[PDB]
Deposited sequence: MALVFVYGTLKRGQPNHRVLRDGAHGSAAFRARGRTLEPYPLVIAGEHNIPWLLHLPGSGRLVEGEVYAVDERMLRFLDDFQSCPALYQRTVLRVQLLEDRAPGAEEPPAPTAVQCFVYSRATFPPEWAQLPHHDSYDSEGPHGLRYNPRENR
């Protein structure tokens, strides 16, 4: 089992969220809303308008997303859905949980799909805090 932080097309309401719910792939259970503790550049790039968490921690913005508890079947499926390791890589980060003594913990370690190798100019594309395919940029995700 593991936790995965999703920020892109896998979030609730986004075009690929279904794959989290297809029991042929294993299990995924929503655990919490989260925000990265460190900023990253999250950019929409390429001809499908895919969102990419570029692996440049310490630059960009804090990224909002969702934490899911997944089984090992779902994690192996996701790795292949994301074309790892050629396209994305599964890396690790810590996330702030978005909702006294002792107080509740406010952070958790998760896997995330990040991208280490990219056209350098992608780093200067608009940085997003929260991705939406149907967001104000108009760059709708399109898998065609």
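Of the deposited sequence, the ranges 100-105, 151-153 have no C-alpha coordinates according to the record.
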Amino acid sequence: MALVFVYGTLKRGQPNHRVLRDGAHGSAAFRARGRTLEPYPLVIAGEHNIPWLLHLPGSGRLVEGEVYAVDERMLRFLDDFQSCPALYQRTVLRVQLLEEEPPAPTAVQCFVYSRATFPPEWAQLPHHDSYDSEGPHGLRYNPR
From here on, numbers count along this sequence of modelled residues.
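For the pair 119-127 and 18-26, the mean B factor over Cα atoms is greater in 18-26. Per-stretch averaging of Cα B factors for 46-54 and 101-109 places 101-109 on top. Looking only at 87, 63, 95, 69, the residue with the top Cα B factor in the deposited structure is 87. In the deposited entry, the Cα temperature factor of residue 143 sits in the top third of values across the chain's modelled residues. Ranked against the other modelled residues of its chain, the C-alpha B-factor of residue 3 as given in the entry falls in the middle third.
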